[PDB]
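Report on the following structure.
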Amino acid sequence: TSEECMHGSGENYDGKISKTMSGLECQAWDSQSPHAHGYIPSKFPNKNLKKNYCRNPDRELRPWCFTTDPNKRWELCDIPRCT
Ligand SMILES: NC[C@H]1CC[C@H](C(=O)O)CC1
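Throughout the sequence shown, residue numbering follows PDB author numbering, covering -4 to -1, 1 to 34, 36 to 59, 61 to 81 in sequence.
Dropping the structure here:
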């Protein structure tokens, strides 16, 4: 709902994809479970976090989000390359 295909790292990216490249559907950036992690939307008027859609707060290579797995905290999302 901003940029749906990216040049690579999806800095601004808040498309619609929220699937970790090697795992699961991400757990939203809010507070739910498995854990009340950092990067909480309540502290950002910035157009960063959203529901579970991958972002890049530390601007990692591939945009990531927290997973739904109780042991896998963060994970890189596979977001579609603009081709
Ligand atoms: N290593 C990239 C980036 C991944 C998430 C991590 C966190 O969960 O805080 C911050 C660093």
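All residues carry an ideal CB built from backbone N, CA and C; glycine is no exception.
Three-state secondary structure (DSSP) of residue i
i	result
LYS40	helix
residue 132	Not covered by the structure: residue 132. The range shown for the chain is -4 to 81.
residue 92	Past the boundaries of the shown model lies residue 92; the chain is included only from -4 to 81, so the question cannot be answered.
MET17	coil
Beta strand (DSSP E) segment containing residue i, residue limits
i	result
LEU74	72 to 74
Opposing strand residues paired with residue i [DSSP bridges]
i	result
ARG52	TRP62
- Going along the chain, which residues put their C-beta within less than 5 Å of some heavy atom in ligand 1? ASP55, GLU57, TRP72
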